[PDB]
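Coming up is one lone chain in structure tokens, specifically the form deposited in one PDB entry.
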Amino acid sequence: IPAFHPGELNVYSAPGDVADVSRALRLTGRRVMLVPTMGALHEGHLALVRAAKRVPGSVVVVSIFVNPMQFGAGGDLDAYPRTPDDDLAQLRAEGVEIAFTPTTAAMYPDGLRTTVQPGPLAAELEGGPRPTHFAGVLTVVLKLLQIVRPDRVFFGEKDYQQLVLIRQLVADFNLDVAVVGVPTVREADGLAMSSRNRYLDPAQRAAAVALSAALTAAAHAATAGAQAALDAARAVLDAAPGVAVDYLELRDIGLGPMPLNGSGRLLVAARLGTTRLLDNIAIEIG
């Protein structure tokens, strides 16, 4: 056990350090909350932090780790935004007591050896062109969960497929953690907050409102049925200058091997220049 000062941000890099502190905290009755991130923190991440913080007796651990395993080769890893100074400043301002900032060597001392193989969902949507991406995500989240052993772990609805996959991980491996989904944080015009939004120039930023406009239009059109919802979204995306749609799909809420009934999720991915944006929304049919 190393030093933990309450009411202050404590930064630990060694997995053993945070594990020891987490264990000590949990044994004195504090409930440990985990918020996994890759840093470059914005208000969307802070929504998860605040959700963690309101759990009574909670101590909040925010992990910051840009996980190489979930990146495909081709510059994405090097290009991921890194603003560590701002990140830690934001955590202090939010009254977070623990930041976990491990090294790549500490997380992957043996390279890729034992890993998590996700179910068939990982091959679809985001995983279509990136068939190893979610194995990266599930592997690192499993490790983080084992290191920190939180009572609850927090994920954004922003990455809805990721959230679904984490619930599968938790169910399928009998993990003793509650997964808390947190609603998507949006800019004033509807644009879902993302560390990638910084790559939109003013014109592309203008056009990007089309993703959330399309989804919200769909959600209201859905009283008229699925075809109406999808065609409303398509019309909006089609009206938008320089938006190239990768996919627009309406699925059951579990995204799994079940047909759409009363409750669905509409998911979109689109490119604005080289920037790929995602958004999704709850859809109720009829």
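If you superpose the two forms and keep the largest set of C-alpha atoms that fall within 1.5 Å, you have the rigid core. When you see a residue number, it is the position in the sequence shown, counting from 1.
Looking at the other PDB entries for this protein, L77 is absent from the model in a third or more of those that include the residues around it.
Across the two stretches, 271-279 and 21-29, the PDB entry reports the greater mean Cα temperature factor for 21-29.
For the pair 255-263 and 44-52, the mean B factor over Cα atoms is greater in 255-263. The residue among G72, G136, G111, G181 whose C-alpha atom has the highest B-factor in the PDB entry is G72. Among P68, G225, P36, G242, the highest C-alpha B-factor recorded in the PDB entry belongs to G242.
When all modelled residues of the chain are sorted by CA temperature factor, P102 is found within the lowest third. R198: CA B factor in the highest third of modelled residues in this chain (values from the PDB entry). When the modelled residues of the chain are ordered by their C-alpha B factor, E157 lands in the lowest third. In the PDB entry, a CA B factor belonging to the highest third of its chain's modelled residues is recorded for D85. For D172, the recorded CA temperature factor ranks within the lowest third of the chain's modelled residues.
What follows is about the form deposited in another entry, which we do not show.
For the residue set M258, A235, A224, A244, core-aligned C-alpha shifts between this form and the one not shown reach 2 angstroms or more at a single site, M258. Legend note: Cα of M258 to Cα of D279 is at least 3 Å closer in the other form than in the depicted form. Relative to this form, in the other form the C-alpha atoms of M258 and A217 approach one another by 3 angstroms or more.
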